[PDB]
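Below is one structure; the comments refer to it alone.
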Ligand SMILES: [Zn+2]
Ligand SMILES: [Zn+2]
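Residue numbers (PDB author numbering), protein chains in the order written: chain A, 18 to 1060, 1083 to 1128, 1145 to 1245, 1254 to 1711; chain B, 118 to 183; chain C, 118 to 166; chain D, 118 to 166; chain E, 118 to 166.
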């Protein structure tokens, strides 16, 4: 007969009506066979967990030790392949402990016994399968009913009960292995004993069914209540007192309290599992009656409900108009009724939103919003085909029930028709063509009278939930489903982007910023969280609330009554409940109302219907409730669950504000008819939940136990097979690893579950061979094997990766370490090349090969389903779409794209994605692999899949047992895997493939420690520096260091990206023109447009990493094959493996470049498509055709970068203090290259920046913010401007700047940058000369194409050469010029004596410890013919600080960098240690005249090797042009300094008038420049000047003595003529400075 | 010439007629809003009556245009 | 020339249609009044249910 | 000035505007009769209740 | 003379106001039919009570 028991997992609710019908008066042939085989003691069907819990097997029945050894070998191979050999002992000991421990082994053997019974009985043609023994339990299967017996008690149940027991055992096996692996790799130790104690404590509950599942349902909110009760600091919590766990199960209470005592995070991890225990049997009578009561119960009157609906209409109008004014910069089409307020009229004419309409929303009862758009009454094929089952017509309600139940219950027959009167699925409605005319179907919803044959909804219970009375979803008629699709699409597209509360949730960036700000603020004491749960949300909504906003939405879209028909529709809709063996009565072919199984009309549509409107209504009443009490709030909505963030006010504390907020929310929830129970709501300052992720104190709680213990449905769209099981297991481990579970835990668990899944299905000949099992686990789908979790690089990385180099590296480690020869690898892989190239597999998966996939389950996919639908299609929308073969067009386009002369598969797939045939194949893919398309594809030949499963099983056993070898892979498993992968692709595809092979990062970089590293390792290495000694504390505590028609748009973006990098081909332009014609765009031209992985993110905040690989790969503009995110993730994984193995990080470490053939220079190469394309376009696949309305690059990019950096500084000064610490910019400035900045001319950029700042003409507060944040070291763009201006060649090449540099006096490099960027506000003097270089055409260059011009900017320019300046050299006898070395503010004599010592000792190399002051090292580096090798010990911070100070580049040329990073100890002649051989020391001499022709007086006498060597007889040699170490901005001539004296006097007097800026530090800069003045003034210099400053008559009068009483005293001290430049600059013809002097400058000259 | 132009000129007349048709349009929009508030109450009353019986869904809006 | 400009304008008909527009305004006002009265009637219906 | 005379042409437009105003007036009288009939029906509400 | 004759005539403005009164006639027709649809429901409400 037909196939029986067709499920292998629980996908249905547990019901016991059939068991009751079988025990009471059944006459069916198999019910008698079920009744005859029960015992005297028969338990009820709801007590199945009382019988399945007593099942015990004998110990150690399955010989699984070979699996243990194989798992250890697999993990050893993976860990040795990643070259992290210190985690090796940790991971296989967790696997060995898990499979040897008796309770986990017993659970695993129970799982194997259950799954072998499932494999033996499922998909069989035999109705009755005999005695199947499970330990002490004997099982008999009688079709859908199962009889289980241990000794003398029996339970007659359904097959879903047995699947629930098997899924319980499977979930517990997952839970125990995940618990062991998590306990081995985590700071708190093993927690397996609490898991076993939890299992025994729940298993020891001897209560009825309802109380048992009440405890299981309330086990999680009670534990969250305990965590909230002990760990709230600002609000009170009474959530723990609701639950009856302390009075029902005391042992469970003690266990949860001791888990609270050890670790609350462990309590939240353990308590979050809810499906590792059994599942309830739903009481259908009471739950059905309760639902049919709650859908028609009134808590509030209709008259109050309509008034509150009008109130919600007012705030809906207010928020919608606010959104439209914020986005479209104008009022929508509005109508002002009589009696409207005048502020509404004035704001309508002025086009503005006033900041007083938020609290006055009652004024918007007079503003009718007119038509803004039109309703789209043609849904696309994505939402039409999937996710729901339907009913064709109301004469098909008789096919959901049994006829024998209707005969026994009611005494008459059912009068069922023979045929089922139409389709039972959406896709069958497409093939039969009932969805050919959607507006003709939705016209009854427009007129307000839907037809009588469409008003039915079957309420179906949900599965795997802990409610004993059930939760029900809706199965509906096709017409109501199309109404739902159109209405939800209209609200999602046109209304909710204008509503701000939903729009911050829809945007990923705004939601991410909100969650980060919530994470930082709860720990400080603000922004407490209120959680609201609506238990009767979907049943509680009423028509009288929804009708006004539905009327407004119908007026907005020019659709009559379309949104208002759904509110009054439940009053006319027949509702029945799907319960076989309990059917409703039929009177004249229609159901009869009884209140339990049928209800003719309710007051709500149901669950999930009208989801978008109900969220808007809920947000509206919450905004009313919180705006009436003056709070700052943010609502995070998840439908029935609402999370509200309320910020602290200065006047009130959090508790009183929380009580007021709870009262307001309860009041305004009650008025809408949704009464919030006090037992279901809570407030917290430590716990909140969003996105199925639970956060405790702002840190996400681990979800390893919940995610790895989840049971998936598997075998999707196919017969049961091993490949789909391995695919869903691998996908589950990948999804867990992406959702913040540790990669090692998911990997080890996946290896264990992979071997158990093989042990279920494979014979003992395969499974007692260890080497075959290891090789079979390490082949993977990249080279044609089974899907394995071991071969995925996406577990540890987030971006796009290449599997093939990793796969070949794993096999090389397998052959070299494990005793498996290459012949066994040839045996397992069986590499079989295809005779002909199939280019469609390349354009779908660019990284794939042309090899045969023999283990893949075979549905023909490409042609059979197309032939079936083009033959059985009876109407339109299929004959039009499939009038030509899509696969032959796809292959023809693939052959057209295979004529690319450099064959780039990534660009080939990118051009294939912009074709209509790709969209057609996507629609066929949804016809094959989606939800509810499994029904048709499995129902066609429903019997044959049972034979196909056994055929696939015999084929895979015969394939795995076959001992013949395939293609020899020995050349591809030796040497570098990059070239091996490229040669394998060239062998298999026949042509060379460029641009798809990414090198494996563990072969490309190798980790070391700096304690034993040599000089040659530091040539190409990436350095990591920890700020502290790192332990397991820092893995969780954050540190100091920071972290449709759019295809036309995509086509033009790609067209611009091709054209800007100068690829030019007539055939490519023809092909993109054909794409533009098939998508309806007939216009000829349009030119329009750190961070890591999340598992190492917290530890990355304790590490400083940089790119010092520039000795061989980053010194040129040529790009190479390094993907840097993966390298930084790999280094942080090394750090994580050191910490989690019991080690510490106290020394800096490195990643050295090891494989030289993994570093390939990428060929930026034009691709020419040779042959003429034969594609010709389609034009029948897009149903909505879009309409046609719908200089050198260096200077343009210079002006655009200048205005972008200026507006970035503008949004930096408008940013708050919490925002400037973030690296967010206006137009994504961070992810730009550094080399193209060196190619770009920056003089044009500086003039564009200066002209944008003088064109802004900001107010005084913003200018004060500019000067304040640029004089300090704040702002991300200031760091960007430093990183740009790191090289001094860009400093010297700027032709304004070498003229400007005599004027400005800079204390540091950043001071010079700050003066350069904010000089035009304070000084227009050089602006009068270089304002003439303006060009208005370059100002008009748009910001949208700036990335395109940057992609043009990289190739044109060139980098400069850098120049080495000179300082004093001394040596031998000569003339004394001036002996100038650090005269600005530094101990110059310390440099003097060390230069004299190093020059008379004739040393060739000098070693400098980091205890030496940096400027002495700058002088010693600028000495020629000397090699300075510092002592870093792995820390590049001292050399970077040494390089930031200098302005020539002699520190970047005379320092040997690998020997500096490879130095730790004394190895030569040193300056820096206290006493030793070859150590230069400084001794203080109190009194010496220092009789030297060069220098006048000595302070420090230099001693060396416990001796003094006479440095008093040397002299100088001639000098050359100097660096900025001599500070030529203040040189001998005074007219540049008098211009500086003219400027700084003008600087302060303008900045006094600037509002919000108190001039203390800028006055200190003026004080230093006037100290340089006081060196030469000649009047007696007061050390302390009282220095009164004040403005009189809009003229700032500032001097020592107070000219007027309004002047303000500023205390300035420390003035002394300490530099020797005072004697130098004393010149002839005094009074020349008085010529052309301001009278105020004369007053500061002559002191008092 | 000027006299024929001054009897042919009706800028003020056409502006007055256009403004008066705008008054007509505003009064009609006001009447439509009041009629919609009437429709809400009559449809909710018939919907509350219809629960539990076999009353048909009567039409509320006439027809789509064309 | 003069007779063509005489043909292309009808000022008296403009005055008559403006008076008819005023009549239309009066009819619109009295329809708003009777809509207000039947609004009151339907409101006092829906209050007592 | 023939083409300017054809662009001066208003004789058809004023006549068809008069037709539009006439049919608008008839529509408002028919709807006013409907309003009176509707008031006569809705006054029966408190007679029945 | 010429620019004064430009100021005399706008046929496009007359056409816009003709369409503007035609759409108001359409609104009258829709309100009449919708109000009869209300009349059927209130008639069945009289029949119910
Ligand atoms: Zn390599
Ligand atoms: Zn320098």
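Cβ coordinates follow ideal geometry from the N, Cα and C atoms, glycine included.
DSSP places residue 1160 of chain A in the uninterrupted beta strand (DSSP E) bounded by 1158-1160. Contact annotation for residue 158 of chain D against chain E: 156, 159, 160, 163 [CB-CB distance below 8 Å, chain order]. One finds 145, 149 in chain B with Cβ atoms closer than 8 Å to the Cβ of residue 144 of chain E, taken in chain order. Listed in chain order, the positions of the region 572-606 of chain A with a beta carbon within less than 7 Å of a beta carbon of chain B are 577, 578, 585, 588, 589. If you ignore the 5 residues before and after residue 1120 of chain A, its C-beta comes within less than 7 Å of the C-beta of 1087, 1241, 1243, all in its own chain and listed in chain order. Not one heavy atom of ligand 2 sits closer than 7 Å to the Cβ of residue 1257 of chain A. The C-beta of residue 122 of chain B comes no closer than 8 Å to any C-beta of chain A. Measuring C-alpha to C-alpha distances from residue 834 of chain A to each of A:209, A:885, A:92, A:1553 identifies A:92 as the nearest. At least one heavy atom of ligand 2 sits closer than 7 Å to the Cβ of residue 1428 of chain A. Residue 881 of chain A counts as exposed, since fewer than 16 other C-beta atoms from the protein chains shown sit within 10 angstroms of its C-beta. Look at residue 1187 of chain A: its beta carbon is at least 7 Å from all of the heavy atoms in ligand 1.
In the displayed model, residue 545 of chain A falls within a strand according to three-state DSSP. Interface residue (Cβ-Cβ distance to chain E less than 8 Å): residue 135 of chain B is classified as such. If you look at residue 476 of chain A, you'll find it in the beta strand (DSSP E) that goes 473-478. Contact note: residue 131 of chain D reaches chain C through 127, 130, 131, 134, using a C-beta cutoff of 8 Å and chain order. DSSP, reduced to helix, strand and coil, places residue 1025 of chain A within a strand of the structure shown. Within chain C, 138, 141, 142, 145 have C-beta atoms less than 8 Å from the C-beta of residue 141 of chain B, given in sequence order. Relative to ligand 2, the beta carbon of residue 1552 of chain A is positioned no closer than 7 Å to any heavy atom.
Identification of chain D residues near residue 166 of chain E by a Cβ-Cβ cut-off of 9 Å yields 162, 165, 166, ordered along the chain.
Between the C-alpha atoms of residue 1697 of chain A and residue 1705 of chain A there is a straight-line separation of about 7 Å. With fewer than three CB-CB distances shorter than 8 Å, the region 360-368 of chain A does not count as touching the region 327-337 of chain A. Any Cβ of chain E closer than 8 Å to the Cβ of residue 171 of chain B would place that residue at the interface, and such an atom is absent. Shown here for residue 757 of chain A: same chain residues with a beta carbon closer than 8 Å to its own, the five before and five after excluded, namely 710, 717, 719, 720, 1149, 1150 in chain order. Linking residue 1163 of chain A to residue 1059 of chain A through their CA atoms gives a straight-line distance of about 19 Å. The continuous alpha helix (DSSP H) containing residue 135 of chain B extends over residues 128-167. In this structure, residue 1175 of chain A has its beta carbon at no less than 7 Å from each heavy atom of ligand 1. A contact between stretches requires three or more CB pairs, one per stretch, nearer than 8 Å, and the region 911-922 of chain A fails this requirement with the region 931-950 of chain A. If you check the C-beta of residue 1485 of chain A against ligand 2, you find a heavy atom less than 7 Å away. Out of A:1504, A:1508, A:1524, A:1512, the CA that lies nearest to the CA of residue 1493 of chain A is found in A:1524. Distance from the C-beta of residue 1510 of chain A to the nearest heavy atom of ligand 2 is below 7 Å. For residue 1254 of chain A, there is no enclosing alpha helix (DSSP H), as DSSP marks it with neither H nor E. For residue 706 of chain A, no alpha helix (DSSP H) segment is defined; the enclosing uninterrupted segment is the beta strand (DSSP E) at 704-707.
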